C-alpha cells in the first residue's frame, strides 16, 4: 500500500476538483496543505483524477524525461500559486495562474513522488 512519499506528493500537488482558481484559491489551499511556514515561493497543483496521474509512471501516460523523470502524454488542468511580496513568513500572498499542459514527475515503485515545478516558473 502507497508509501508516505506518494501520499505526501498528493498533499502538496493534487486537488481533484477546485472551484475558482483565482488568487484567493491559492492563498487558502497553501494554508490548508501546510505550505505556509515558511511560505513556499511557488507551488503547482494538478487537477483531475488520480488515476491519470499515477499512469504517468507507466508507458500508458508517460515518457522518460531528462535524467530520471517522466513527462506525461496527456494534458492536465493545473494551477500555479506564486508568492507575492518580500517575506518568507505568514501571511503569504499568492497570485494564481491557471494552465492546461502536460506535467513532469519523478516515480518510485510505480508511484509519483515528486513534481518538477521548474516548467511552471516562467522567468
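Numbering follows the first chain given and starts at 1.
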*Quick one: higher average CA temperature factor, 37 to 45 or 51 to 59?*
51 to 59
*Of the two stretches 67 to 75 and 94 to 102, which shows the higher Cα B-factor on average in the entry?*
67 to 75
*Would you mind checking where the Cα B-factor of residue 17 ranks among the modelled residues of its chain, as the lowest, middle or highest third?*
highest
*residue 87 - which third its CA temperature factor falls in, relative to the rest of the chain*: highest
